[PDB]
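In what follows, residues are counted from 1 in the order of the sequence shown. Heavy atoms only: backbone and side chains are in, while hydrogens, waters and symmetry mates are out.
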Amino acid sequence: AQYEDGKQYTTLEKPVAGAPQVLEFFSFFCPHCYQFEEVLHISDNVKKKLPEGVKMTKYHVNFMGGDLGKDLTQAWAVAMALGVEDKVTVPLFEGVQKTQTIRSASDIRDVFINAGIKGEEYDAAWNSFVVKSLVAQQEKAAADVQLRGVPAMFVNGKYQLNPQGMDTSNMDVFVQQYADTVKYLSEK
């Protein structure tokens, strides 16, 4: 076929019931994730091609960067609760991987403060039980599906994107192939 299991995607032998439609995992410590976000804008190009009515979910993972990695999963929970994903993602990537000015929870906090979220509002979210279960959700979803590597994308808890089996000579072409694969999978 044109789209083949084991080629642009793999199939989960153990499918995940009731999983979010399009589910992406990343880590701010993850170099390919930096590229997916900064250079390729994968999430955004996928959205642009998804059908009407499909929800897009993105979660952080713990298994990179030890203690800070977990702080980052809680911080991403704060970002989701406050709806400020679009304002912290870039400085978080750059603070961890580019300038290396993120070394502690406090440095993660500074990024939110500088993005305009108020200290009070941040600390309140950070400590809230609405953020805790949002951390739990991130962990559960990664738990449900094997996850030992990022970036990772899953469609309807049954298919996993396989970017290794796509051409990377042209960046734009890789992205379109990636996005089209999600849309194919979405309709499957």
Side-chain angles (χ1 to χ4, degrees), residues 19-50 53-143 145 147 149-154 161 163 171-172 174-175 178-179 182:
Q21 295 181 284
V22 176
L23 185 48
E24 196 175 332
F25 294 102
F26 80 109
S27 166
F28 287 107
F29 278 96
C30 158
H32 283 130
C33 303
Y34 186 109
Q35 297 296 310
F36 265 44
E37 169 66 23
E38 302 283 277
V39 180
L40 304 171
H41 308 280
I42 292 291
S43 295
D44 183 65
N45 280 279
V46 169
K47 173 173 190 150
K48 298 208 293 77
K49 277 186 172 169
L50 293 174
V54 131
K55 133 160 283 173
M56 217 151 156
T57 309
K58 172 143 72 178
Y59 292 157
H60 197 265
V61 300
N62 288 340
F63 62 80
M64 296 189 80
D67 211 275
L68 247 190
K70 287 206 67 157
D71 278 326
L72 284 167
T73 302
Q74 192 162 351
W76 185 248
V78 171
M80 289 190 288
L82 297 181
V84 294
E85 298 94 329
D86 287 350
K87 318 194 181 185
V88 293
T89 289
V90 162
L92 283 171
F93 268 116
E94 299 198 343
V96 179
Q97 301 185 46
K98 193 183 175 185
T99 58
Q100 285 175 0
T101 43
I102 296 182
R103 314 204 212 73
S104 66
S106 175
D107 298 339
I108 297 174
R109 186 174 182 278
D110 291 339
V111 174
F112 282 70
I113 303 279
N114 182 60
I117 295 86
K118 294 160 188 180
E120 185 42 56
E121 194 186 358
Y122 182 88
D123 302 333
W126 181 268
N127 286 299
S128 73
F129 292 80
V130 173
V131 154
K132 294 191 189 313
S133 57
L134 224 43
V135 166
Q137 288 167 235
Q138 295 180 88
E139 295 182 19
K140 177 183 198 291
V145 298
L147 192 70
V150 286
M153 188 177 292
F154 295 93
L161 276 284
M171 310 191 96
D172 298 309
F174 168 75
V175 173
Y178 198 103
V182 179

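Within a 6.0 Å radius of NZ in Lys48, other residues, nucleotides and ligands contribute more than 12 heavy atoms.
Side-chain contact check for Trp126 versus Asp71: some heavy-atom pair is nearer than 4.5 Å. A heavy-atom distance below 4.5 Å is found between the side chains of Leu147 and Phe154. Counting heavy atoms from C-beta on, the side chains of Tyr59 and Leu23 come closer than 4.5 Å. Counting only heavy atoms from C-beta outward, the side chains of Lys58 and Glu85 never approach each other to under 4.5 Å. Considering only heavy atoms from C-beta on, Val150 stays 4.5 Å or farther from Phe36 through its side chain. Between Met153 and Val46 the shortest side-chain heavy-atom distance falls below 4.5 Å. Residues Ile42 and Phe174 meet the side-chain proximity criterion, which asks for heavy atoms closer than 4.5 Å. Residues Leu72 and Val96 form a side-chain contact, since some pair of their non-hydrogen atoms from C-beta on lies under 4.5 Å apart.
Classification of the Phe28-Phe26 ring pair by plane angle, with boundaries at 30° and 60°, yields perpendicular.
One distance of note links NE2 of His60 with SG of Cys33; it measures 8.0 Å at 0.5 Å rounding. Rounded to the nearest 0.5 angstrom, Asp67 CG and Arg103 CZ are separated by 15.5 Å. We find the CG-OG distance between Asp110 and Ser104 to be 7.5 Å, quoted to the nearest 0.5 Å. Put simply, CG on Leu40 and OH on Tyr178 are 10.0 Å apart, with the number rounded to the nearest 0.5 Å. For the atom pair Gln138 CD and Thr57 OG1, the distance stands at 10.5 Å (nearest 0.5 Å). Separating the OG atom in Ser43 from the CE atom in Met56 is a distance of 4.5 Å, to the nearest 0.5 Å.
Residues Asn127 and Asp123 come closest through the heavy atom pair ND2-O, 2.8 Å. In this structure, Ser27 and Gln97 approach most closely via the heavy-atom pair O-NE2, 4.5 Å. For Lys49 against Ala179, the heavy-atom pair with the smallest separation is CD-CB, 4.0 Å. Of all heavy-atom pairs spanning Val88 and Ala115, the tightest one is CG1-CB, 4.3 Å. For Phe93 against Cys30, the heavy-atom pair with the smallest separation is CE2-O, 4.2 Å. Shown here for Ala125 and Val131, the closest heavy-atom pair between the two residues is O-CG2, 3.1 Å.
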For this session: Kindly indicate, with the supporting measurements, whether the criterion side chain to side chain contact (heavy atoms under 4.5 Å, CB included) is fulfilled by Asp107 and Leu68.
Result: CA-CA 10 Å; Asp107 298 339; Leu68 247 190; over 6 Å; no
Problem set entry | salt bridge (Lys or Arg N to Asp or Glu O under 4.0 Å) assessment of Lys98 paired with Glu38 | CA-CA 11 Å; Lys98 193 183 175 185; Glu38 302 283 277; over 6 Å; no
Exercise. Passes side chain to side chain contact (heavy atoms under 4.5 Å, CB included), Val61 versus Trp76? Steps please.
Worked result: CA-CA 10 Å; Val61 300; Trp76 185 248; over 6 Å; no
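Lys47 meets the side-chain hydrogen bond (donor to acceptor under 3.5 Å, both in side chains) test with no other residue; sequence neighbours excluded. Remark: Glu94 engages no residue in a salt bridge (charged side-chain N to carboxylate O under 4.0 Å, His left out) (not counting sequence neighbours).
Counted by atom type alone, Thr89 and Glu37 present zero donor-acceptor pairs between their side chains at under 3.5 Å.
At least one donor-acceptor pair under 3.5 Å links the side chain of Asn45 to the backbone N or O of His41.
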